[PDB]
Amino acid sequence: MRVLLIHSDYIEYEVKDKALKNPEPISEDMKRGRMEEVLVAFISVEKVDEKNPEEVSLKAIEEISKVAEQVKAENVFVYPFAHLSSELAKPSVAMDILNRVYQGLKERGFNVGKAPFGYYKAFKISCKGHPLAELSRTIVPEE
């Protein structure tokens, strides 16, 4: 898994064209979204993650939790961003892992947001530009 963490003043998204034949069904209210004072977690689920979705998910939850706590972000946004990596996991596994990360962070008590799965989406973000506002992490199952 490849994660790009951007501590932002805000993040907005707008669902555009479907990127998969059968994307996540959504309502009008879910086509757009916004969150402020948030640690945006752009995530690309990789092929190697298919070996152990739960393990990789839990590792990601912990890593994202540490960063959020370190930068003082109470809000976290799980953003599907396949193009962060070149070796992607199949769609169902990406969906599974993206959901597990979201559920885990929520269960940990963070205010968490997410965007619909299976779409090309426009987005607007404002990075704080602090020393720790931009971080990358590679999380893979223990081999």
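By rigid core we mean the largest C-alpha set that fits within 1.5 Å across both forms. One-based numbering along the sequence shown.
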When the core is superposed, where do the C-alphas shift more in 4 other deposited structures of this protein: in 23-31 or in 50-58? 23-31
Per the PDB record, is the mean Cα temperature factor higher over 74-82 or over 24-32? 24-32
Please compare 94-102 with 55-63 and name the stretch with the higher mean C-alpha B-factor in the deposited structure. 55-63
Out of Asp9, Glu134, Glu14, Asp17, which residue has the highest Cα temperature factor in the PDB record? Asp17
Split the chain's modelled residues into thirds by Cα B-factor; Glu69 lands in the lowest
Divide the modelled residues of the chain into thirds by Cα B-factor and specify which third, lowest, middle or highest, holds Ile43. lowest
